[PDB]
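Okay, so we've got a single protein chain in two different forms coming up as C-alpha cells, structure 1 first and structure 2 after it.
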Structure 1
C-alpha cells in the first residue's frame, strides 16, 4: 500500500503492514532518521499511500523515545473525551438517561442555590464536563520498554488520523520474541508501522540498504 520514496532511491520502498528496514551505513541511517524528524512538505523524503496521496507531518507518528512517549497528552485526552462523548450521541436511549440524571442533579443544586442568600445564576452541566470530572485517562500499566511499545501501538491504532508509525532504533531494546509479538499485533490490527533499524533485526522478513542505496530483501 504505502511508499517511502525520495531522490537518492532506486525504487520507492513498500510499506505494507509491519516492516523492518535496515540501513547498514551509519550515514544513510542518520541521514534518513533526520530526514524523518525534518519531515515536511518541502522535504527530501516523501511518504505516500497507494493512491500516491502524500502523508502529512500530522498523519505520521514518530517514536524514538519509547518510555518518554506520553499516552495521556492533552491532545490524546481531548480526543478520547470527545470520542466518549460521541459514543453517547449514538446510543440515544442512554443520552436520554444521562440527560434525565443531569437535569435532576442540576435542580437539586439550584435548589441549594435558591436556598443560598445570593442571587446565584448558573449555566448547564455537559456530558464532557462529566467525563472530564471523572478523570478518564489511559491506563499506564506497562513497566518495560516492550510493554510500552504495545501501548504506543494501541494508541497509534486508536488515532485514526495518525496513519504511519515509525519506531527509530527500537530493535536495540527488543528480544526476538518481543519483536514478533509486535509484528503479531501489527498484523492483527492492520497497522502500517516502520522500524528504522541500523543493523539487521534478527532473521525477520526485512529490507536492507547498502551505502549505495541498493535494496535487498532477506529472510522471506
Structure 2
C-alpha cells in the first residue's frame, strides 16, 4: 500500500516494515498530526484506507493490548490451539464432564429442582482470566506485544509507530522488522532522525541503505 500527500513527488510505498524519516521538525510535526487526525490532507491507499483500518501508536507503554475485542480474539485463538490436539482436547472434555458430574450431583442434592447447560473450553479460558501481561514490560517487549495483537485485528490494515526508534536498540529494531515480515504485517515507523542503518526513506526525498 501507499502514503501520499501533496508535497511528495511520488507516493511512498508501504511494503512490510517501512521506516520513514522526517528530518525537518516542522514536517515531522505536521505529518504526525495528519496521521493522528486522519479521516484529510494525507492519503493511504488503490482503494483508500479507511480511518478505522489504521492503528496509531504514540504511547507504547500506555497502549491497551488487553481490550475486550483483543481478549476475545486471543481466547478464541487458544481454543483453536486445542483443535489441533484431539487427544488432549478429548481429555479436557473428560475432565470437564467429571467436574460437571460432581456439580450436577450437588444440584440433585440441593433441595431446589435445578437445571444446567454445559461448561465449555472457552468458558474455562475466560474464567482463568487470560490476558497479555504488560505490568513489567520494557518498551521493546511492549512493541512486540502490540505487533502480536495487531495480527489478530483482521480489520486493521496499517499500524503506525510514532517516534519510537528513540527507545529501541539496533538489535531491537532488527527484531521488530523481522517479526513484521514473518507475520506479513504492514507497519510504518515515523521517525524524526535516521534510525541506525536500516533501509529507510528520508524527506529533507531519498532512500538510504537499500
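Residue numbers count along the first chain shown, from 1. Only residues modelled in both forms are compared. Throughout, rigid core stands for the largest set of C-alpha atoms superposing within 1.5 Å between the two forms.
Discussion item. Residue 167 and residue 73 - when the change between the two structures is described as two rigid parts, are they grouped together?
Written reply: No - residue 167 and residue 73 lie in two rigid parts, which move independently between the two structures.
Item to complete: Would you kindly give the rotation angle of the smaller rigid part between the two structures, in degrees?
Response: 24 degrees is the angle the smaller part turns through.
Worksheet item: Cα of residue 88: shift between the two structures in Å, core-fitted?
Response: So the C-alpha of this residue moves 10.4 Å.
Worksheet item: How much does the C-alpha of residue 27 shift between the two structures, in angstrom, given a rigid core superposition?
Response: So the C-alpha of residue 27 has moved 0.5 Å between the two structures.
Item to complete: Superpose the two forms on the rigid core, then give the C-alpha shift of residue 134 between the two structures in Å.
Response: Displacement of the alpha carbon, after core fit: 5.0 Å.
Discussion item. Suppose the core is superposed; which segments, at least 3 residues long, show C-alpha displacements of 2 Å or more throughout between the two structures?
Written reply: Three-plus residue run displaced between the two structures: 74-142, uniquely.
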